[PDB]
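Just one chain is shown here, as structure tokens, and it is the form deposited in one PDB entry.
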């Protein structure tokens, strides 16, 4: 234990079934500084998305930090560690202290170095994957298949938006188009290639054209994704025409899909409500329908505009998902779904297990694709 040979056997979190309902989970992190003798580190916080003031304890004399918890056998989520020299944060045995505490700590957050399923997702730091044995199946992800031909990455320099961004085109005639917001994530952090391939070879999905649009960065994303017509006009007038020349796709709206999570989810619906001629199928997960009111005591502007009949959602088929571990987001979505009582029949309302977490979304992204394209098989 602790000796370089002991660390060789470690591959991230280890769990042990303690129940039909529960597992006991242990986390290890190795201190690059050594024992408590030469180490700056006073805490190593385990930050579990949705679950979460609990620190690893060092095994004295060792460079081994360890922590043990319990997670129900159907839990899936992301987590990170925060090794730190602060021992004043979270020393006391409120909700406001927490957010301030974590605001102060999260910059030092790292992914689990021994867990290969890590990536750059979240606010601005690495996280790692934790799936329990009874966690819900995620179509495609449970059995990935690498493609023969790779996705084509281009630079889309926008005349109207006056910026450049990466775009990924991936195909799998008369093929449906699918636009995925936050494309850099689905192309690079959790590449969807092998997943869409698998599912296509299994006739869960139709041979299709996928366009993954780079959000560039948090600022651009925060301006371009929430209810911004210029972004979508640019997409339709500049980007889609360019994709047509590289990979021909169908011009039926009833099979053209826009897919996004949070701001992306908001944007997808936005694109649907306003340009149904182009976008007939809407995939929204954990949509940020509170926008722009952060407090959540006033309804999002999108909902307001529906209510006021300034925009309408017919000629649309919509998957609308939200998690229970994301209360504020769930409420916003429930209120939106409420307002949408009239097209209740063309909406797949899905209220899922997880939280505000890309590890969870990736499953519902695929399922939502299967759902919106199903009529193509009938």
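In this text, the rigid core denotes the largest set of C-alpha atoms whose superposition between the two forms falls within 1.5 Å. Positions refer to the first chain, counted from 1.
Compared with the other entries of this protein, residue 182 is consistently built, present in every one of those that build its neighbours rather than absent from a third.
Coverage remark for residue 295: absent from the model in at least one third of the other entries compared whose chains are built on both sides. In the deposited sequence, the stretch from residue 172 to residue 173 hides 4 to 9 residues that have no coordinates. Missing coordinates between residue 52 and residue 53 amount to 4 to 9 residues of the deposited sequence. Taking the mean C-alpha B-factor of each stretch as recorded, 190-198 and 151-159 are not equal, and the higher mean is that of 151-159. Two stretches are in play, 265-273 and 303-311, and the higher mean C-alpha B-factor belongs to 303-311.
In this structure the maximum Cα B-factor among 140, 183, 206, 93 is found at 93. Based on the entry's C-alpha B-factors, the most elevated value among 212, 123, 235, 242 belongs to 123. Per the PDB record, residue ranking by Cα B-factor puts residue 18 in the highest third of the chain. Looking at the C-alpha B-factors along this chain, the one for residue 103 belongs to the middle third. Ranked by Cα temperature factor within the chain, residue 368 sits in the lowest third according to the deposited record. In this PDB entry, residue 73 carries a Cα temperature factor that places it within the middle third of its chain's modelled residues. Residue 132: CA B factor in the highest third of modelled residues in this chain (values from the PDB entry).
Same protein, other form: the form deposited in another entry, not shown, and the subject of what follows.
In a rigid-core overlay of the protein, residue 370 has its C-alpha displaced by under 2 Å between the shown form and the other one.
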